[PDB]
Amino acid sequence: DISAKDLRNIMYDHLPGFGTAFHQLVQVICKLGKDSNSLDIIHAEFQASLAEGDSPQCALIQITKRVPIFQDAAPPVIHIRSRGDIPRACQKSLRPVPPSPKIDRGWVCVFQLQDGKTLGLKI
């Protein structure tokens, strides 16, 4: 049975660069997937999408649209100390949080900084 660490590694092995917004999306898909016992269907959708010729980036997005735990779901909140805890390759993807962010519309997560600042990571 696939673990969350295993799934993260499989997905990472298909992504170019490191610490990009897509890497963070893998983290969120894996966390939310573990918590909803859905790692197997997520892995299956990921592989099916690649097998059809989709880019791995499109495969990750398709998961947010096809797997029901992500459908019309709010992005998870992740508490951090400062913007420095976010990878360099994510920095330009950080945005002010809109009123009703949804994962399946590209809002991967919401970082909540110690001093109260809040930033959404957008794909």
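Numbering starts at 1 and runs along the sequence shown. If you superpose the two forms and keep the largest set of C-alpha atoms that fall within 1.5 Å, you have the rigid core.
The stretch that moves more in 6 other deposited structures of this protein, judged by CA deviation after a rigid core superposition and choosing between 110-118 and 21-29, is 110-118. Taking the PDB entry as given, 101-109 carries the higher mean Cα B factor of the two stretches 101-109 and 20-28. Averaged over their C-alpha atoms, the temperature factors of 77-85 and 53-61 are higher for 77-85. Residue 68: CA B factor in the highest third of modelled residues in this chain (values from the PDB entry).
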